[PDB]
Structures are given as C-alpha cells and as structure tokens.
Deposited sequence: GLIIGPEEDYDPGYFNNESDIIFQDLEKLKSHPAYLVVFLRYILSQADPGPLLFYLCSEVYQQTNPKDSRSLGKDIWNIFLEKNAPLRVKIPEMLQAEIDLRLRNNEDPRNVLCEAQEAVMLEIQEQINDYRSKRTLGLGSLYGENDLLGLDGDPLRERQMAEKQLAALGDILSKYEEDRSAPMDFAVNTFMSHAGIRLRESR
C-alpha cells in the first residue's frame, strides 16, 4: 500500500440508497427538498418540476384534473412556456391534440414523464457526486442528520426546509419564480406537506 504522511485523517449509507431512486426519494419529503434545493441552485428546474406536477395529474380524478392539465401545458410545454421542458416532438404534438379535444392525456403524459426521467436521473447522479465531494451540507443535508424512520417526523421537517427555499427562489425573476412556486406547492401539498 504505502503509509500516508497524515494518518490522523478521519473520513467521517441509508441516505445514498434514497438519493439514487426518485421513486423512494419522492416518498421522503425531507430528502426531496434537499434535492430540490440542489436543482434550484445548480441546474435546470424544468425537468423535475414538470415530472412532479405531472405525477399529481396522473393521481387526480379525470373530473378534477382539467385545470391542472392546462397549467402543466402552459407552464412546461407551451411554445413560450416559462419552464419549458424538452420532450419528443411526437409526444408534445399528441398531448396538445388530446388536451384541445378533451381526451384522456394520461398515457401520452406518462410517456413525456419517462422522457424527462432521462434528464432527471442525470441530475440525480450529479448530486450524488456532490455528496461524494463531501458537499451535501451546502444543500441542507444537515437537516436529515437527525431523522428517524418515521413519516410524520419527516413531513414535519419537510415544511421548515420548504419555507427556507425562498432564498433560492428569490434569485429568480418573477416570470420564473412564480410558476416554480406553483409547481412545488402542487406536489408538496399533494404529498401532505
């Protein structure tokens, strides 16, 4: 091997597993907010926000989802959308066509979510590399350094980190912060935060 000159160095697990899968990351509000904080500060927030809002639409009664579907379109898919997200031309055309004729857009919307998942997974992997760099605390990870395996306690922490996000959303212009806020609240409120 060969001994090092400063052996006094201290390098200082469940977490990793949670941060790598959006599936269980979505089920851990406190963890999701840390990732949200990362996205809003370091990357394009479009993909994640579109995905989360779409998730709500998919879980909402077709009878109460009309306006939500319209908001998703105007916010993420519209030609001049503030948080426009990149998705296959075929899918965008199909979604517009079904929304304009009042048909069921769920299946094509789901396909759009899977397309965006490519970019989201890339952002997830990027954040994991930041954690490897030992920089997780820059995005509020200390708030998770005390959580126990309990749902209520977590959604509790969720609304406290969520309130502190304003500091990052303020770095954005109204034309973008306004729709982003609407996006976050739509998911969080449906998550029970």
_In sequence order, which parts of the deposited sequence are missing C-alpha coordinates?_
1, 14 to 16, 198 to 203
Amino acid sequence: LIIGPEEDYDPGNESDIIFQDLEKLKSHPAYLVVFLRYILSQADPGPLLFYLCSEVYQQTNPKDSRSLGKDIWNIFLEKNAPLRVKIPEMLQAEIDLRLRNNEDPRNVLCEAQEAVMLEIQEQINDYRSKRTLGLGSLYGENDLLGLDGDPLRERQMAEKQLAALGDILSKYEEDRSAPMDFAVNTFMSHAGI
From here on, numbers count along this sequence of modelled residues.
*Average Cα temperature factor in the PDB entry - higher stretch of 134 to 142, 63 to 71*: 63 to 71
*asked:* Highest mean C-alpha temperature factor of the two stretches 158 to 166 and 40 to 48, which is it?
replied: 158 to 166
*Which is it among 102, 92, 123, 113: the one with the largest CA B-factor in the entry?*
102
*Would you please rank residue 10 by its C-alpha temperature factor against the other modelled residues of its chain and give the third it falls in: lowest, middle or highest?*
lowest
*Which third of the chain does residue 128 land in by C-alpha B-factor: lowest, middle or highest?*
lowest
*Modelled-residue ranking by C-alpha temperature factor, third containing residue 147*: highest
*For residue 3, return the chain-relative third of its C-alpha B-factor as stated in the PDB record: lowest, middle or highest.*
lowest
